[PDB]
Amino acid sequence: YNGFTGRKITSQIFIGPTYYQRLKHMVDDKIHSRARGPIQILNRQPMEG
Amino acid sequence: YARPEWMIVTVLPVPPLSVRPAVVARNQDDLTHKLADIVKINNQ
RNA sequence: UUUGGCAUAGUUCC
């Protein structure tokens, strides 16, 4: 059945218990932004990393 | 702009301290080490 | 409110 409206969904859905895994790759360890931060020494360009 | 005899190096330019910066314990670059060796041999 | 570098290994995405 549909969640918002309560009406049956016309097509029957394939549902059952499958074994899932949570991989190491999260988003809190990947989000990154910069606006005028630290700067390299030899080239005076922005740092790397 | 390019006279033929000038291609024989008799005066060696030394790059400024910006081209070969010091390292922060103070470390000298590969260019600085080679320059020191060259001037050692030259004065000897 | 101040700034290390070289190398090697592994991983993500086409």
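Per the deposited record, cryo-EM is how this structure was determined, to a resolution of 7.7 Å.

Please explain the overall build of chain A as it appears in this structure.
A tally of helices and strands in chain A yields 0 helices and 0 strands. In terms of overall dimensions, chain A has C-alpha extents of about 65 × 30 × 15 Å along its principal axes. Here chain A holds 49 residues, and the buried ones make up 0% of them. Accessible area for chain A stands at about 6000 Å²; split by element, carbon and sulfur atoms hold 55% of it.

Can you walk me through the protein's contact with RNA strand C in this structure?
Near RNA strand C you find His 25 and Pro 38 of chain A together with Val 23, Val 24 and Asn 27 of chain B, and these make up its full shell. A class-by-class count of the residues in the surface near RNA strand C yields 3 nonpolar, 2 polar and no charged.

Where do I start with a nonpolar patch on the surface in this structure?
Residues and elements named next belong to chain B. A contiguous nonpolar surface patch, about 260 Å² in accessible area, is contributed by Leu 12, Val 14 and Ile 38. Tracing the backbone through its elements, the reader meets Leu 12 in the segment before α1 (30-43). Residue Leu 12 is classed as partly exposed on the basis of its relative accessible area of 47%.

Definitions and limits used
Residues numbered from 1 in each chain as written, not as in the entry; some residues may be left out. Chains lettered and ligands numbered in written order. Part of a larger assembly, values for the part shown. Heavy atoms only, no water. Residues with missing side-chain atoms left out of burial classes, pairs and counts. Helix = DSSP H or I, 4+ residues; strand = E, 2+ residues; numbered from the N terminus. Buried < 20%, exposed > 50% of the residue type's maximum accessible area, 1.4 Å probe, protein only. Areas by Shrake-Rupley, 256 points an atom, 1.4 Å probe, with all protein chains shown as cover. Near = heavy atom within 4 Å. Nonpolar A, V, L, I, M, F, W, Y, C, P; charged D, E, K, R; others polar. Patch = residues over 30% accessible without salt bridge, like charges linked within 9 Å, V, L, I, M, F, W, Y side chains within 5 Å. Salt bridge = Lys/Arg side-chain N within 4 Å of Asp/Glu carboxyl O.

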